[PDB]
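One chain is shown next in structure tokens, namely the form solved without Alpha-Bromo-3-Iodotoluene.
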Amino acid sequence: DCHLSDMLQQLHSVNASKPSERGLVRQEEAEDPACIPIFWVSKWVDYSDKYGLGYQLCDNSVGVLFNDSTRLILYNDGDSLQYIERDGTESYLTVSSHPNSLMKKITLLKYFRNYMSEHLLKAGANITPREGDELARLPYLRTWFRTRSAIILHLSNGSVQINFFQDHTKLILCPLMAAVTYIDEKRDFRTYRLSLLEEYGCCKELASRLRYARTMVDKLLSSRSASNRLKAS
């Protein structure tokens, strides 16, 4: 069991209950703005052909998941770097003092940073994130994939974000809060506790997106299971 299997349980329970078919859908009663996330992906660039997936988190930190499965994260101080090897070791470096071996990758991260700053909007620019406590470290991108309709971004804090290309709607799912934040086409946002959606129901729009979210989470879980099987030999 992991963040993903907990999320799948949460989504299965709300979805099984057919929330848009409740006698009186009381979607507003399920809102819990206190559970807004601490982190989400505000910008991304898919350079996966050659290099990796670059992204900005809502605190203005940036990171990259490189094709060789290493990661580089740059804090919103603009100088502190965290590098993660394939096998998980974190090294703490800085833009000003770092091993020359990482020149190429640090240069790539700067390219993403600068590209995103020049060209891309900040998702959830109108959202004040939740304040994280002692242990709420900067997460990084655990894995991601794209479908015809969406990009799916899974962070190391357990959150799963799904951004829909067609209509710019977004979901941010957190298995710790057991909550979902939905950003609609007007960029209005609401956060819901999943158990309250099961209790009170919701509109067809949100219900459909939660069905898609479950499908995506099953995909993440199967990949995770596969890589764990390989890892355990």
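Residue indices: 1-based, along the sequence shown.
Absent from the display: the form deposited with Alpha-Bromo-3-Iodotoluene bound. The rest refers to it.
Listed residue that, although Alpha-Bromo-3-Iodotoluene is not shown, lies within 4.5 Å of it in the entry with it bound (heavy atoms), from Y83, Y111, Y75, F145: Going through each option in turn, the one that passes is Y111.
Alpha-Bromo-3-Iodotoluene in the entry with it bound: contacting segment from 137 to 145, 152 to 160, 103 to 111, 75 to 83, heavy atom within 4.5 Å: Residues of 103 to 111 come within 4.5 Å of the partner.
4.5 Å heavy atom contact, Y115 to Alpha-Bromo-3-Iodotoluene in the entry with it bound: Although Alpha-Bromo-3-Iodotoluene is absent here, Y115 would touch it in the entry with it bound, with heavy atoms inside 4.5 Å.
Partner contact for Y200 in the entry with it bound: Alpha-Bromo-3-Iodotoluene, 4.5 angstroms, heavy atom: Heavy-atom contact with Alpha-Bromo-3-Iodotoluene at 4.5 Å: absent for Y200.
Residues of 44 to 69 having any heavy atom within 4.5 Å of Alpha-Bromo-3-Iodotoluene in the entry with it bound, listed in sequence order: Contacts from 44 to 69: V45, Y47, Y51.
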